[PDB]
Amino acid sequence: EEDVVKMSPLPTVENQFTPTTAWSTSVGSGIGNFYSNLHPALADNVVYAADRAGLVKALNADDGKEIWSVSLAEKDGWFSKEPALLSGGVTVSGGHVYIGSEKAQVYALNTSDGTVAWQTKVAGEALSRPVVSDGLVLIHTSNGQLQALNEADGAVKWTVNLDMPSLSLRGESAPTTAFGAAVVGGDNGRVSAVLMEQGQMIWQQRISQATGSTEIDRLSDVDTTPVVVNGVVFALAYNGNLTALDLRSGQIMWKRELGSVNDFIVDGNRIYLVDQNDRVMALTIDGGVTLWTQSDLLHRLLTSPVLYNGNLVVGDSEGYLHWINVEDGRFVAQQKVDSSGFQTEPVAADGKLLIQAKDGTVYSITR
Amino acid sequence: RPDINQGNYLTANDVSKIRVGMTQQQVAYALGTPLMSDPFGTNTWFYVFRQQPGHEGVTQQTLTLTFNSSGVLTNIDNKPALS
Amino acid sequence: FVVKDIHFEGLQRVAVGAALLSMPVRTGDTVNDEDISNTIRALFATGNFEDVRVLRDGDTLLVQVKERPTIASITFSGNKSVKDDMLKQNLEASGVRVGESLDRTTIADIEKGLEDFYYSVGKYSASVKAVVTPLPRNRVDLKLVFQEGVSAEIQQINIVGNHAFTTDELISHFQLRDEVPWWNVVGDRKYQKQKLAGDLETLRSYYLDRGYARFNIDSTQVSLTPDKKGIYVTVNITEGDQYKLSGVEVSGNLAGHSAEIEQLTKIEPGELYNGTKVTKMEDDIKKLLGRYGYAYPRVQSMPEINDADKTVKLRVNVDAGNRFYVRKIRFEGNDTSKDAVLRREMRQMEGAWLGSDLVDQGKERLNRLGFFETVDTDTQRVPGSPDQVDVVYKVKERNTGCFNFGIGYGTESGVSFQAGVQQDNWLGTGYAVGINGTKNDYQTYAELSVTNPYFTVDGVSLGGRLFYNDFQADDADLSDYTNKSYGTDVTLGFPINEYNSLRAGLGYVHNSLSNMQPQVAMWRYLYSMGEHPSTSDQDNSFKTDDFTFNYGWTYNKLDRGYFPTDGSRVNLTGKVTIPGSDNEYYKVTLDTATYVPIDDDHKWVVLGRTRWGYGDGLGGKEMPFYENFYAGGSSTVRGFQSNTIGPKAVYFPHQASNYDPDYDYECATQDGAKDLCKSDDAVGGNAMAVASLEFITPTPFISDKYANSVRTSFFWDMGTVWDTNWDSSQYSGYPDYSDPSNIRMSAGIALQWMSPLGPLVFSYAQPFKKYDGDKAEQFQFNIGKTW
Amino acid sequence: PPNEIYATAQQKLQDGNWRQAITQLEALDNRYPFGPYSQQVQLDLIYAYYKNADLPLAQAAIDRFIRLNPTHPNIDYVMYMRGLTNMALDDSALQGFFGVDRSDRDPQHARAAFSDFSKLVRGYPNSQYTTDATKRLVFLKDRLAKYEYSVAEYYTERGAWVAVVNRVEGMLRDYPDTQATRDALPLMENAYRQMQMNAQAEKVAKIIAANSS
Amino acid sequence: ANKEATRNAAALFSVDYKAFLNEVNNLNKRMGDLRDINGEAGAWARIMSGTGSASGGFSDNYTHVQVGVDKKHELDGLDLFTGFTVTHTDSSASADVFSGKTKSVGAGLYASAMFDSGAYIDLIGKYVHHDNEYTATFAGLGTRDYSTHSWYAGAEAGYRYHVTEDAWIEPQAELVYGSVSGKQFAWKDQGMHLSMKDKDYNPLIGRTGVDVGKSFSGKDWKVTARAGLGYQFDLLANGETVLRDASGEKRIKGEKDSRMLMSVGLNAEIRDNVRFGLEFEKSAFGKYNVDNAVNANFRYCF
Amino acid sequence: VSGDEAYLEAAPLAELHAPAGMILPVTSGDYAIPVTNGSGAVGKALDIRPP
């Protein structure tokens, strides 16, 4: 949200078809209208969701059931019970569910009443997705640090230090795995790729130009996951600097001026992304050609635009599910199954689409 | 009435260590800068030490250091009592 | 071609020096068309002229420059929740003020600064547009348009790294919280950066005080959302181990004060190491050395931390300098007060050893005068003198000749006015000149008091006041008699100790009594001396001129100006009539108030107030009836009418025809009753005794106006008034007023709040032992002091 | 239109009210960069602030003027006006409190005025204001003396004889030529006599017996 | 029954309405001085003396003391002052049939809000108790004391327009709502029962005022002089009187009046801690016109 | 001027004599008033009009 332009009119295309067998279950107290990384992940066609106050639940495929509520408040003050701020989101792998927290704690819980969970102290609060790679759960904590954890309890943990910009925008920089190497955006435009075994060969590349350029109150943050395509990663700073980088520790930086806060989605040979002003545009797999731009949802809370059935499914701040064509970016279907908006990345997998809501009303899409 | 204090603080060991014929520089180093002076003619320093506690007697010790231009031959006149 | 002269065309608001420095060429230089282009580019790049056009009209360079337009005004538009004052001072501090040069890039600079302070004050989602309007004579108008959004509250301050203390108390040390708003009533919670740095320092000090000597803060991140509805700040810290201070070692040059500072050094073992305690003992070492004349002691304490035993050792290295002497004491800012007035109130003498305690005492006494806004002391050295020092008391002078007021009330008891001028420093001469005026429903009193607090340099005060007094004939528990008094008294008062002060003075009074009601309490005095008034006829007059020797003593052992908690205040006031006047008598009054604490924090404390009065004639004369004592109301026994406890008036029969406007008065219906009329009217007596035993309890309300400005009190009050000259032997069937019995006894609750006008007293008492039909005063109320 | 505002300012300043006779001058000052045609405006502004009793603002403006053009054919008038502004701060009245004034009150304004008038007198002795300053200067040297004489009185009443002798030494070293110093020689004699300094007392005796008052 | 009894009953239930008009009359000058000259807070005291005359030989002389404290809290684009006051007034009202002595004690809460554009809005909540001594002699009634509890909510909104510098024109609107506890007197005269009563009435009183304010500045003094003309009126009923007597039931309608007032006065600040506020209020073209009304603003010492 | 007349009111200043066998304190004060030989502008008339 930046209010550069006023909230733009939204044309409505009526869709006579509603998602089938679709349930809206409330997880915890809901996340409210505050943006964070808490978003459900599905594994084995089972939904895993989490909420602030350390409240984690699971849901079944249809009419969400197997709801085992686990509240995690241990090691969070032995004199009083306080809501351990979870902000690391949910990542599922090997039957283990990894969650960050703002008390510097990484939780790893199990399937089938994973009340027995192992938790690790991490230097600084954990705000990024704990992404998995080659049997290590690695997390970008907003002390400018990268940490790795083992699947069992964490035994091989190595730290990588990053730049301290002292002015940040909620570093959500969840790393991406390519060729056994983790590549991440920095908290101020230092895209770096490191290997395992102590994360050596630390090489940094400057992408953002708004860091230390008199544009700094809480700006110039790379809060987006640097998606890898064909050994090429795409890095988006908060203000401009959409740069393409080659995963050979090179110095070749070619870029187009676009700044964003949410993840861009590369599907086939196409890129769909949401700018920092909340409008969607499409670009080529390689280059900076703006194929189309939809200007009908300006400055309304938008998440990462996810591709479902070859159709861009997006969620606004007023609870409208928009199916948009992927060739010129026009609305082709509109649904209203929730009266509250959305501020967390939806997920499309296992023939299902998962959307988490402000009020925790998780909605399932099976078209 | 309040207690009244006037002049340099003199202790018995500060005057016993002032002996005949030294220089005024280390005299000012030891006893401090005198709060009196003789502006008329010869340079003379008067270390006056007066308590007037207010409910009892006035106590004065007057130590006159008379010096020549060279500051030698310390003419020391110590009166430990107000006559 | 060749430059011969520089012609300034269109230059209005630009100095010649800036243009001469900015141009890249000089007179006589070879200038071509390329040089003209270079000159135009340099002049445009200097940020002084918006437009530059240089032409060569032969050998003359005509330079037509449109300057940077002078800001005609700065206007803020759409300000619904922002004031223009902080906006204007922020703009001026940004190097941009009304009249200065304004550039195209300075639009971005002003927008960025203003938006940065909007994000500082939490007024986020605001779009700041700086629109430009031209105006002739090189003028510009910069209008700011604000697309203001919602305010951002503190959503969470994350203290990561807590394993011994909860975040909640640490945040309570912060001023930035998420609870119900207390500093706003229409808006919401709010952020500021200077308090963030201050409260980060408070967090560090808090952990150093609790015992964590290895405490360290690793990082501080500022967390702002792109949404801009909530504020987060992360303070990543590292707690240490709770360290126990084992013992303090002091070394250095102590100048013979070792046994005095060693007993101040070291703490009982087992105590936690506190950084504040270490700084406090360093400050106390500095003050101890300052008391003896050492004003600049080189003092620092450094610890070793032995983490093996969790112990801390302190070396307080102290070097005592030279015994500094006050060469000269200077006063600054006393533009309208005698320097003698400022120099009387000082305990440090010029040309003496420096007493830092004496200098602080001088500052405290100058504050106690009340003539000054602020008193500041800078003990600044004399240049070139290693032992001399000059003490300066910078005072901000405020004129103190300010109108004061005070008001009381009581149910069925009327109001009381206490208006007055109180010029407490006349012309800066340190003379207190006051005109005070008290008004009741039965009494007026005007007074002109001129006081010299220093008639002698020791502190002897000479105070003379001229008083006029008048009692009406209104039904207010006082007899109907038109008496007017006027007098002058002069009192010399001196302190025989810092808590004991004696007073002695002479006072002349005149009383004119006209048409007194016939009654046998004062008619006994009228029969004692002078003429013999006629019963059943008030057409009478009585004029007295009295010369009295007044004396007194005041013992003040109390503390605190807010609310007394310990010590006894005794005020003895006596007066004996000098021979050579129309009356002969003596009065003695004793007013004692004792505060004793039964609590270490002095929350529960005991107040014993007691007021004795005895007045008796000398020789064959008698006590004058207008100098009688009275009890009841505020400052005495409460729950009874103001001045209502005591002997009740015994009216004689008298005619209905009266000088008073109304004939509905009692005992004067047509000719009076056949026998003496018992009235409920109060005339006082020769003697009085009041005693209040009271308990002070802490207030349950704190943190809104605090418990130091409000006091709650539960009291019992006894009061008797009797005249020793009452003869009940000849008066049977009437209450006996000769006995000291009939002690009217009551009790109640009182609340005292310090209003900025002055003390405010509200009391709810109840009289549950009253005699002869007294009057109840369930509510008692007062503001300020009566003086 | 600077010419007509300046002309109206002159005509309603010479024989007109002064409350709004500075308003057009300050409007010209705010409008102009303080560059061309502003020297007469600044001098008119200082004169107007003085006789309108705007002493601190006049002092600030004159402090600003002295650094801008320290060389000027009327800089002597500027420094003379600065001394006048300090001496007018020295004499608070008009709802002020007086009777003997800074002979017993804060002398910093008088001391600053003395320094400024001394800068007049020894900077431009040929100036046509200097005689006035030279004869104002004398009054201030008397003024600054009486102040210390009061201190020499009060400590004499207190019995702080070291303070009295040091104050009278301040007199004889700084104000030796004034009357208030002559009035203070008996105090130095007294302070030397309440000490066993009878040599210093009779040494002051011949000074006070040098037919001085 | 008797004409004197009916005129006494009308006069005694017009006394409370006249006192209500007098007590609503004096709120506005406590707010005007805050706009004209005010610091970071205020500890103020007001003495006001009023004399009024009205038909039936009704002359009222009254003295009014009040003290108050207000604190300023700066907010972004808003200057708000919140304060509380304690007030007492004493009045003697004489009419050809009776004499009334009114002692009123009350507590008020005032909140005022200032905008940078000169527009302002303020409100008062006032809780008061009146103890009233009525001496009435028409057929024999004597002296009686009674207590009345009254609540007021008064809202005012004004706008300052600076057509010129140093002078301004200010329209203002006052609306006061009172809730008054009724009082009933029942007695037996000559063995025959007389009752008199009023119903709990809530009079809405409205003023529309226009004030011209000029200013004079000095080195240490500032005098702001205002002339304010206001239309005062009552929108709702002011209450009625019900008399039960041997002749039956009698209804007396309350006196409803509208007037215009020239509120002319000045507030002077001759020194940093010496300021005053003087007001001279005179009514015209109305049944009840105040002969004079004088105000003083003082205390405020630092 | 703005205050009272202050450029005619004054008091003459006169030197102190030094009796033999002793000297006055060295007058090192910076309050010296140098002699002027200019024409007076003192009295009632004083042109303080800005030139």
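- Its PDB record attributes the structure to cryo-EM, giving the resolution as 3.1 Å.

- By the naming in the PDB entry, chain E is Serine protease EspP, taken from Escherichia coli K-12.

- As annotated in the PDB entry, chain C carries the name Outer membrane protein assembly factor BamA and is attributed to Escherichia coli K-12.
- For the record of chain C, the UniProt heading Subunit holds the text "Part of the Bam complex, which is composed of the outer membrane protein BamA, and four lipoproteins BamB, BamC, BamD and BamE."
- Under Sequence similarities, UniProt gives the following word-for-word description of chain C: "Belongs to the BamA family."

**Quick word on the overall build of chain E**
Right, so step 1: Scanning chain E from N- to C-terminus turns up two helices and 17 strands.
Right, so step 2: Against the compact-globule benchmark of 19 Å for 302 residues, chain E has a radius of gyration of 21 Å, which places it among compact chains.
Right, so step 3: If you line up chain E on its principal axes, its C-alpha atoms span 75 × 35 × 30 Å.
Right, so step 4: Looking at chain E as a whole, 51% of its 302 residues qualify as buried.
Right, so step 5: Intrachain contacts of chain E at a sequence separation of at least 6 include 62% that bridge at least 24 residues.
Right, so step 6: Summed over its atoms, the accessible surface of chain E is roughly 13,600 Å², and 62% of this surface lies on carbon and sulfur atoms.
Right, so step 7: Within chain E, the 39 negative side-chain charges are centred at a point lying 4 Å from the centre of the 34 positive side-chain charges.

**So, the UniProt feature "domain: POTRA" in chain C**
All names here are of chain C.
Right, so step 1: The UniProt record marks residues 1-68, 69-149, 152-240, 243-321 and 324-398 with the feature "domain: POTRA", using the residue numbering of this structure.
Right, so step 2: Overall, residues 152-240 shows 28% helix and 27% strand. The separation of its end C-alpha atoms is 34 Å.
Right, so step 3: For the annotated span residues 324-398, helix accounts for 27% and strand for 37% of the residues, and the straight-line distance between the end C-alpha atoms is 32 Å.

**Quick notes on the pairing of strand β11 (residues 136-141) of chain A**
Residue and element names in this part refer to chain A.
Right, so step 1: Counting buried positions over the six residues of β11 gives six, a clear majority of the element.
Right, so step 2: The two faces of β11 match: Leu136, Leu138 and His140 on one face and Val137, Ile139 and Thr141 on the other face are all buried.
Right, so step 3: By the bridge criterion, three bridges tie strand β10 (residues 131-133) to β11 in an arrangement that is antiparallel. Each bridged residue has a counterpart across the sheet, and for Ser133 the counterpart in β11 is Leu136.
Right, so step 4: From the end of β10 to the start of β11, which pair antiparallel, there are two residues, and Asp134 there has a positive phi angle of about 40 degrees.
Right, so step 5: Pairing between β11 and strand β12 (residues 145-150): six bridges, direction antiparallel. Bridge pairing links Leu136 to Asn150 in β12.
Right, so step 6: Hairpin connection, β11 to β12: the antiparallel pair is bridged by three residues, and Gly144 has positive phi, about 60 degrees.

**Quick look at the side chain of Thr366 of chain A**
Right, so step 1: Within the element layout of this structure, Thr366 of chain A appears in the segment after β32 (361-365).
Right, so step 2: Side-chain polar atoms of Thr366 of chain A contact the backbone oxygen of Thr20 of chain A, separated by 3.0 Å.

**Some points on the arrangement of the chains**
Right, so step 1: Counting contacts across all eight pairs of chains that touch, the top-ranked interface belongs to chains D and F.
Right, so step 2: Spatially, chain B is disjoint from chain E: no contact exists, and the shortest C-alpha separation is 33 Å.
Right, so step 3: Regarding chain C and chain F, the two do not touch, and the least distance separating their C-alpha atoms is 16 Å.

**Let's talk about the domain arrangement of chain C**
All names here are of chain C.
Right, so step 1: Domain annotation for chain C reports domain 1 (2-67), domain 2 (70-147), domain 3 (153-238), domain 4 (244-319), domain 5 (325-397) and domain 6 (403-783).
Right, so step 2: For domain 2 and domain 3, the distance between their C-alpha centroids amounts to 31 Å.
Right, so step 3: Taken together, the contact between domain 2 and domain 3 spans five residues of the former and seven residues of the latter.
Right, so step 4: Carbon and sulfur atoms supply 60% of the area that domain 2 and domain 3 bury against each other, a total of about 530 Å² over both sides.
Right, so step 5: In terms of surface lost to domain 3, no three residues of domain 2 exceed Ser120, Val121 and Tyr124, which account for 76% of the buried area on that side.
Right, so step 6: Linking domain 2 to domain 3 there are zero salt bridges.
Right, so step 7: Applying the counting criterion to the domain 2 and domain 3 interface returns one residue pair in polar contact.
Right, so step 8: Here the side of domain 2 that touches domain 3 is composed, by residue class, of three nonpolar, two polar and no charged.

**Digging into the interface of chain B and chain D**
Right, so step 1: If you look at the interface, chain B gives 17 residues, while chain D gives 20 residues.
Right, so step 2: Here chain B meets chain D over a buried area of about 1,500 Å², counting both sides, of which 63% is carbon and sulfur.
Right, so step 3: On the chain B side of the contact with chain D, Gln6, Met36 and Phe40 of chain B bury the most area, a combined 35% of that side's loss.
Right, so step 4: For the interface between chain B and chain D, the tally reads one salt bridge.
Right, so step 5: Linking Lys203 of chain D and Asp38 of chain B is a salt bridge whose minimum nitrogen-to-oxygen distance equals 2.7 Å.
Right, so step 6: At the surface where chain B touches chain D, the tally comes to seven residue pairs in polar contact.
Right, so step 7: Of all the elements in the fold, those that place two or more residues in the side of chain B that touches chain D are β1 (4-7) and β2 (44-52) of chain B.

Conventions we followed
- Residues numbered from 1 in each chain as written, not as in the entry; some residues may be left out.
- Chains lettered and ligands numbered in written order.
- Heavy atoms only, no water.
- Residues with missing side-chain atoms left out of burial classes, pairs and counts.
- UniProt positions renumbered as here; feature names shortened; annotations may be inferred.
- Helix = DSSP H or I, 4+ residues; strand = E, 2+ residues; numbered from the N terminus.
- Rg over C-alpha atoms; globule rule 2.2 N^0.38 Å.
- Buried < 20%, exposed > 50% of the residue type's maximum accessible area, 1.4 Å probe, protein only.
- Contact = heavy atoms within 4.5 Å.
- Areas by Shrake-Rupley, 256 points an atom, 1.4 Å probe, with all protein chains shown as cover.
- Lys, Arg positive; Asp, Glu negative; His and termini not counted.
- Charge placed at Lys NZ, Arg CZ, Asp CG, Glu CD.
- Pairing = 2+ DSSP bridges.
- Polar contact = N/O pair within 3.5 Å; in protein donor to acceptor, adjacent residues only side chain to side chain.
- Domains from an automatic or database assignment.
- Buried area = accessible area lost by both parts, 1.4 Å probe.
- Salt bridge = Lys/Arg side-chain N within 4 Å of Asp/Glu carboxyl O.
- Nonpolar A, V, L, I, M, F, W, Y, C, P; charged D, E, K, R; others polar.

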